[PDB]
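For reference, the structure discussed in these notes is given below.
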Amino acid sequence: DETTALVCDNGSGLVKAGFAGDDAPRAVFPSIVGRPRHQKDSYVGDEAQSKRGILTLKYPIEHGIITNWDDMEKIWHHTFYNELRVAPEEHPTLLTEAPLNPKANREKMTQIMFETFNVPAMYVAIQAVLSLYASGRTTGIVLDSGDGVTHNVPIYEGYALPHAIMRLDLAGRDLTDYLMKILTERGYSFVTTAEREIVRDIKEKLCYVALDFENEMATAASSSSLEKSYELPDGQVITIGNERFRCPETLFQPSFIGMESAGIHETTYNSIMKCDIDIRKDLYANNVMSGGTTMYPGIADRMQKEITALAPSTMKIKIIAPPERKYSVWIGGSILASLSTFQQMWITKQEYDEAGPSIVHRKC
Amino acid sequence: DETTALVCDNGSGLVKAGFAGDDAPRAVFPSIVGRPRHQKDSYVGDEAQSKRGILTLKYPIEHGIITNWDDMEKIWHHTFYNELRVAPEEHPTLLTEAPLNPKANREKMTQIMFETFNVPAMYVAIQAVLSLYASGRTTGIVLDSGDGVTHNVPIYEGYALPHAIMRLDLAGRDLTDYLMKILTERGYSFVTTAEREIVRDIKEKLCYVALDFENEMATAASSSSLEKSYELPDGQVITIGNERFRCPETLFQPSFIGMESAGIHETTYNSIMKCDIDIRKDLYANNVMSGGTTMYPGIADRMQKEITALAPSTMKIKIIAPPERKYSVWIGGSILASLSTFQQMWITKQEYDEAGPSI
Amino acid sequence: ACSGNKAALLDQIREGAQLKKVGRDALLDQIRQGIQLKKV
Ligand SMILES: Nc1ncnc2c1ncn2[C@@H]1O[C@H](COP(=O)(O)OP(=O)(O)OP(=O)(O)O)[C@@H](O)[C@H]1O
Ligand SMILES: Nc1ncnc2c1ncn2[C@@H]1O[C@H](COP(=O)(O)OP(=O)(O)OP(=O)(O)O)[C@@H](O)[C@H]1O
Ligand SMILES: [Ca+2]
Ligand SMILES: [Ca+2]
């Protein structure tokens with residue numbers, strides 16, 4: 001793969017990167033950069049936490065938005081030179097951004113890609129949209145939930161609807177936190193050295209969503225139907241019960257981590273209600289879920305149930321949970337970038353040299 | 001053994017040298033060089049002290065640091081040509097250095113090895129680390145105590161932690177001195193001609209560490225439980241009692257030779273305290289001891305006791321005293337140099353010719 | 001795009017399409033492993 005396009009999706013927690021045309025990211029590494037805590041000069045990814053002990057670790061991406069441009073540069077460098085092993089100047093590069101990304105950010109990003117990395121061509125696409133594309137639709141409402149943030153994004157004919165976007169500062173990073181908390185409140189000594197890592201694995205291995213939380217609690221109270229076990233490496237085995245479904249419940253009841261916000265079913269319903277009454281039909285029947293925090297077993301049907309209850313009785317609801325939705329966004333991009341009707345949509349270095357960083361903002 | 005790697009650990013008092021892959025140094029000789037006191041041109045090792053009488057003896061290594069580069073050259077020459085009987089230019093050579101070795105020294109050493117000895121490849125490794133390796137660990141705190149100096153070295157994942165290193169200019173060379181002193185203060189005429197030698201043998205044969213110094217003194221005061229005897233060659237037999245454990249006690253109480261420094265238990269504890277709070281657990285449970293001055297019977301348990309008292313009650317402590325710790329460092333190197341994941345870590349003459357000593 | 005080009009891109013997307021099917025740490029690990037040493 002040379003003279004081919006690159007796809008780079010920068011999550012709050014995870015970076016996904018690869019080549020357009022590929023069915024999956026060749027590179028998935030933690031979105032973190034570490035510099036020597038005292039006085040080589042920088043580390044990124046797995047190696048940065050491997051040596052967390054002698055570095056100050058930082059996260060360029062907070063809430064899905066880029067906040068540290070220097071550190072973000074180191075991430076992109078590590079992406080091209082160290083992960084993909086490619087030269088940016090001979091690959092058009094597609095990049096992804098959060099809904100509601102400020103214009104100054106988009107331009108700052110376009111500006112770096114050109115001046116600093118000297119890529120021949122580039123494009124910025126909104127993450128949620130790519131997810132939708134990945135499913136083969138151009139109309140619907142996406143629920144993207146990654147490590148740092150959660151959005152509801154209504155989309156109509158390839159264009160998102162900014163007035164109707166719902167943002168929720170609750171994602172997997174805080175769900176892992178919640179689980180770590182509870183687990184400990186039951187005598188399980190957990191810290192960050194290496195525990196934080198285990199707590200996350202338990203999360204993705206054992207947690208699931210209850211179709212009926214009140215009802216599911218009573219089950220785990222009257223039998224051991226729902227107990228499951230996890231042997232730590234130390235050796236100490238531990239058992240989990242209602243904790244398996246109480247942790248993800250936080251997505252529907254944020255008041256579990258004490259957030260007086262509303263749950264993803266409500267924000268999904270509110271988001272649709274915020275749209276043209278004539279396209280609601282299309283939206284209700286096209287809930288596409290993306291992100292790693294949507295991977296919980298049972299979340300699709302819980303959502304289906306919750307929404308059927310909020311909406312009109314006559315409307316047909318539908319939830320689409322691609323088994324690959326952990327990587328939907330990236331896949332969405334992988335597809336786009338490879339299509340031929342898209343090849344005219346690239347921003348060329350030439351175009352940028354004439355107009356300026358502002359040559360990356362279109363309406364319609 | 002040809003085209004194989006060489007391992008060379010230069011102590012303040014002793015040089016250890018051999019071949020990588022071997023379980024022990026084929027050559028262990030005094031780290032001293034003697035030149036004609038008045039006017040062949042140089043002697044090294046056992047032969048140099050054999051003829052001390054007509055030479056000026058000198059020690060290139062003081063405090064574990066190389067201070068005389070000319071003399072150090074003669075040592076390395078004697079190592080290759082006269083001990084190992086090898087040619088440097090056909091053997092990668094691994095060398096050892098003290099914690100906190102100045103960069104100019106390391107480079108000066110790399111520079112000699114290449115320009116003067118023309119070895120194909122070389123590596124410099126920190127002595128304490130090798131000891132740790134020898135024990136099969138890559139994380140822990142080493143207590144290296146040889147003839148000239150004592151260090152506490154905290155190490156995490158193969159890398160030492162320089163901010164946390166504790167140096168103590170008290171080792172076996174001064175313990176032998178202390179013992180020589182006392183012994184004499186009891187009517188035993190001891191000088192250097194050949195006595196100094198005996199005093200050292202008595203040290204390594206009879207000295208040990210008390211688990212409870214105050215308590216051990218009272219024992220040797222109320223009975224002869226702890227007396228032991230040593231026949232000199234002259235013939236004159238001599239008896240030792242509390243001197244057997246008072247001599248090593250100097251490691252825990254430097255105020256015995258009038259050093260207002262703190263003991264190895266304290267510096268060990270201080271060294272750990274100087275580290276990241278998250279790796280202290282690993283360190284406390286991995287005290288590896290190396291050097292010939294750690295060979296005293298009872299030192300492992302004294303240390304275990306002393307540290308349990310300084311540290312949190314909840315922390316698990318552990319002392320590892322390899323029976324081979326006299327040679328840990330060298331062994332540590334012997335192992336390293338032979339490993340295959342290491343063969344890319346060598347500094348090649350080529351690499352040196354391009355960049356410079358700073359490579 | 002804001003032109004008649006956007007409709008074909010859109011249509012193309014819905015259509016579908018496949019996607020091609022896809023030193024210090026080792027030294028460290030080796031050390032811990034252990035080793036035998038020729039006897040002298
Ligand atoms: N099987 C699983 N079950 C539950 N959670 C999972 C699973 N797999 C991954 N996750 C969670 O998904 C999160 C990462 O997902 P993703 O890569 O979509 O987010 P991101 O793009 O890095 O961040 P964001 O999109 O919030 O900016 C992690 O917090 C991880 O715990
Ligand atoms: N069995 C023993 N009991 C006590 N001391 C011993 C014993 N064997 C050796 N020693 C002492 O160990 C010292 C030499 O140890 P070692 O070879 O580790 O030091 P070195 O590397 O030459 O010097 P340094 O490490 O201080 O620069 C000598 O002073 C010797 O008296
Ligand atoms: Ca994301
Ligand atoms: Ca030494």
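Numbers and lists here come from the model and the stated rules, or from a named source; nothing here is a laboratory result. Don't worry about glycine lacking a Cβ; one is built from the backbone with ideal geometry, like all the others, and counts go over all protein chains shown.
Of the residues in segment B:321-347, how many are of a type in the set (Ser, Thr, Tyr) and assigned to a loop (DSSP other than H, G, I, E, B)?
So the count comes out to 1.
Can you tell me which residues in segment B:139-172 are hydroxyl-bearing (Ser, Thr, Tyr) and within 14 Å of chain C (Cβ to nearest Cβ)?
Matches in segment B:139-172: B:139, B:156, B:159.
Any idea which of A:36, A:25 is within 13 Å of chain C (Cβ to nearest Cβ) and more than 19 Å from residue A:63 (Cβ to Cβ)?
A:25
Just for segment A:280-298: of the residues that are more than 14 Å from chain C (Cβ to nearest Cβ) and assigned to a helix (DSSP H, G or I), which one is nearest to ligand 2 (Cβ to nearest atom)?
Out of the qualifying residues, it is A:292.
Looking at A:227, A:195, can you tell me which residue is under 25 Å from residue A:147 (Cα atoms) and either surrounded by 10 or more Cβ atoms within 10 Å (Cβ to Cβ) or acidic (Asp, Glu) (or both)?
None of the other options fit; the residue is A:195.
Restricting the search to segment A:9-21, which residues are within 16 Å of residue A:290 (Cα to Cα) and either more than 7 Å from ligand 1 (Cβ to nearest atom) or not aliphatic (A, V, I, L, M) (or both)?
A:9, A:10, A:11, A:12, A:13, A:15, A:16 - these are the residues of segment A:9-21 that are within 16 Å of residue A:290 (Cα to Cα) and either more than 7 Å from ligand 1 (Cβ to nearest atom) or not aliphatic (A, V, I, L, M) (or both).
Kindly indicate which of A:268, A:239 is in a helix (DSSP H, G or I) and either surrounded by fewer than 19 Cβ atoms within 10 Å (Cβ to Cβ) or touching a strand residue (DSSP E or B) at 6+ places or on another chain (Cβ under 8 Å) (or both).
Within the list A:268, A:239, the selection yields A:268.
Per-residue answers, yes or no, for (1) assigned to a helix (DSSP H, G or I); (2) within 14 Å of chain A (Cβ to nearest Cβ):
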{"position": "C:1", "(1), (2)": "no, yes"}
{"position": "C:12", "(1), (2)": "yes, yes"}
{"position": "C:18", "(1), (2)": "no, yes"}
{"position": "C:26", "(1), (2)": "yes, yes"}
{"position": "C:31", "(1), (2)": "yes, no"}
{"position": "C:40", "(1), (2)": "no, no"}
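I'd like to know if segment A:49-64 contains one or more residues that are hydroxyl-bearing (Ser, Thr, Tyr) and farther than 27 Å from residue A:152 by Cβ.
Yes.
Is it true that residue B:128 is under 22 Å from residue B:24 (Cβ atoms), within 14 Å of chain C (Cβ to nearest Cβ) and crowded, with 24+ Cβ neighbours inside 10 Å?
no
Would you pick out the residues in segment B:227-249 that are touching a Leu at 6+ places or on another chain (Cβ under 6 Å) and not hydrophobic (A, V, I, L, M, F, W, C)?
B:228, B:241, B:244
Quick one: which residue in A:13, A:45 is away from chain C (no Cβ under 14 Å) and either under 21 Å from residue A:66 (Cβ atoms) or in contact with a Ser or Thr (Cβ under 9 Å, 6 or more places away or on another chain) (or both)?
A:13
Mind checking whether some residue in segment A:299-320 is assigned to a loop (DSSP other than H, G, I, E, B), away from chain C (no Cβ under 14 Å) and of a type in the set (D, E, K, R)?
Checking segment A:299-320: at least one residue is assigned to a loop (DSSP other than H, G, I, E, B), away from chain C (no Cβ under 14 Å) and of a type in the set (D, E, K, R).
Would it be correct to say that residue B:31 is surrounded by fewer than 18 Cβ atoms within 10 Å (Cβ to Cβ), among the hydroxyl-bearing types (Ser, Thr, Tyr) and either farther than 24 Å from residue B:63 by Cα or away from chain C (no Cβ under 14 Å) (or both)?
no
Take residue A:309 and decide whether it is of a type in the set (A, V, I, L, M), away from ligand 1 (no atom under 16 Å from the Cβ) and in the same structural domain as residue A:14 (by CATH).
no
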